[PDB]
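Chemist: From the sequence below, what's the structure:
(one chain, ligands or ions: 3)
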Amino acid sequence: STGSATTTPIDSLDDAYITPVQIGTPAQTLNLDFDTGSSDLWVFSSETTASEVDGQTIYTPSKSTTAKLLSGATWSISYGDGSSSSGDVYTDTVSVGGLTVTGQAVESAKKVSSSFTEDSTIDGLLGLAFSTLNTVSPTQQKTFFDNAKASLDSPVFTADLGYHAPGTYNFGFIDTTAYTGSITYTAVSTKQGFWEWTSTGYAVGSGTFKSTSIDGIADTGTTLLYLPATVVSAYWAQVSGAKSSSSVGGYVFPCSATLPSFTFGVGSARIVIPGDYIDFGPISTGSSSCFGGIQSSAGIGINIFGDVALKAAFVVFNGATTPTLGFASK
Ligand SMILES: CN(C)c1cccc2cccc(N(C)C)c12
Ligand SMILES: [Cl-]
Ligand SMILES: [Cl-]
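Modeler: Numbers count the residues shown, from 1 in each chain. Ligands and ions are numbered 1, 2, ... in the order given. For reference, the structure is listed below:
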């Protein structure tokens, strides 16, 4: 089998991407944030504290003839950005772009943190990291990809995120028309539950490529590109007027600037992020200071190849017996 669904930026800045997902019988369509950096499929629901729902579409398990409460099961998650959610668990039928898993764990939120409430466009998350990170207790549950993998034509999914435009998540096949050149595959460590790989280096604009190993995760659920302080300093040093701002929380630059591209290495291959992809607009409404899309990971403990990086590439999440990651230009 295969599945294919269109993913769309939630706003003008590509802060996140949402993909329609069908849950239950009859189908309830919710727009979920596909997150290769986590492993829980959780949704706003008829059980979510009413004060914490503000425009999201909710899953109502009582209206699904295939929903079954998973007895005694609870979940609770906290994300790197400080947001949080928790609740109980059902199993139900879940379909993405024509691909169906029966008995998928659907984590129904009883509580969400303020940032989730404040984002009316995201009805929940669909985690696509490794199931070892799933938070359901006392019996850990599998991700949608893990449950679907054996049925797929090929045990892979692909992320093809658009810049200010729609894109595609495919399951079970590689669309050879969706990229230029070849796909370069690179090793993955699953030891921390992430799609963790080692970039071979970077360049800033037309500058000399620096060969250096950068360990990081491919995370579609993180907006920005978080890299070591030395690398980020070298990038922003090329932007007239750019500075690290303690009050704003990262590197900012004059909105009148044209940004240089950023290249990262994948083996011997190179992925070029256009400079415009690094502009995240005014720091506050009407400001002429703009927020940078490349920021330091120093306060994280891991580098994060988030949407800024991933949207510049066609990305293969290869769930073969030994997982690997593939990147192609596009
Ligand atoms: C541009 N923008 C909205 C931002 C401005 C100031 C600080 C930010 C910190 C993290 C993430 C942001 N996003 C891009 C959503 C920030
Ligand atoms: Cl199917
Ligand atoms: Cl190299």
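Chemist: For residue 274, which non-adjacent residue is spatially closest?
Modeler: In this structure, residue 274 finds its nearest non-sequential neighbour in residue 261, 5.4 Å apart by CB to CB, 6 or more residues apart in numbering. For every residue, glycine as well, the C-beta is placed using N, CA and C.
Chemist: Do I have it right that that neighbour meets residue 207?
Modeler: No. Contact between residue 261 and residue 207 fails when scored by CB atoms under 8 Å: they sit 9.7 Å apart.
Chemist: Of the two, which one has the most company?
Modeler: The neighbour comparison of residue 261 against residue 207 (other CB atoms under 10 Å) goes to residue 261, with 18 against 14.
Chemist: how about the more buried one, what does it touch?
Modeler: 204-205, 272-275 (CB atoms under 8 Å, 6 or more residues apart in numbering).
Chemist: between these, which has the most around it?
Modeler: residue 273 leads those on contacts (other CB under 10 Å) with 24 neighbours.
Chemist: Kindly state the beta-bridge partners for it.
Modeler: residue 262 (DSSP bridges).
Chemist: Paired strands for the helix or strand hosting residue 101, with orientation please.
Modeler: Secondary structure from DSSP states H and E places residue 101 in strand 99-112. If you go by DSSP bridges, strand 99-112 pairs up with strand 41-43 (parallel), strand 84-96 (antiparallel).
Chemist: buried residues in the shortest one?
Modeler: Right, the one you point to is strand 41-43. 41-43 (16 or more other CB atoms under 10 Å).
Chemist: what residue lies at the spatial centre of the protein?
Modeler: residue 220 (1.8 Å; CA atoms, centre = their mean).
Chemist: which ones are touching it?
Modeler: Contact analysis of residue 220 by CB under 8 Å, 6+ apart lists 17, 34-37, 128, 159, 161, 306-307, 310.
Chemist: From the residues you listed, which land in helices?
Modeler: Within the contacts of residue 220, residues falling in helices by DSSP state H are 307, 310.
Chemist: Of the contacts of residue 261, which is the nearest to residue 196?
Modeler: Nearest to residue 196 among those, counting by CB to CB, is residue 273 at 19.9 Å.
Chemist: Could you verify my assumption that that closest one touches residue 312?
Modeler: Yes. Using CB under 8 Å, residue 273 is in contact with residue 312, at 4.3 Å.
Chemist: Up against ligand 2, what does this structure have?
Modeler: Within the chain, the positions near ligand 2 by CB under 5 Å from the ion are 1, 99-100.
Chemist: switch the cut-off to 8 Å
Modeler: Proximity of the chain to ligand 2 is confined to 1, 3, 95, 98-101, 148, 151 under the rule CB under 8 Å from the ion.
Chemist: Show the residue spans covered by the strands in the stretch 151-300 of the chain.
Modeler: 156-160, 167-171, 184-187, 196-204, 210-218, 225-227, 243-245, 250-254, 262-266, 269-273, 279-282, 289-292, 294-296 (DSSP state E, counting those that start in this stretch).
Chemist: Please tabulate those strands in JSON lines and include distance to residue 325 as additional columns.
Modeler: Output for the strands of the stretch 151-300 of the chain, formatted as JSON lines (distance: least, CB to CB, whole Å):
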{"stretch": "strand 156-160", "distance to residue 325": "10"}
{"stretch": "strand 167-171", "distance to residue 325": "15"}
{"stretch": "strand 184-187", "distance to residue 325": "5"}
{"stretch": "strand 196-204", "distance to residue 325": "5"}
{"stretch": "strand 210-218", "distance to residue 325": "6"}
{"stretch": "strand 225-227", "distance to residue 325": "16"}
{"stretch": "strand 243-245", "distance to residue 325": "30"}
{"stretch": "strand 250-254", "distance to residue 325": "26"}
{"stretch": "strand 262-266", "distance to residue 325": "8"}
{"stretch": "strand 269-273", "distance to residue 325": "12"}
{"stretch": "strand 279-282", "distance to residue 325": "25"}
{"stretch": "strand 289-292", "distance to residue 325": "25"}
{"stretch": "strand 294-296", "distance to residue 325": "20"}
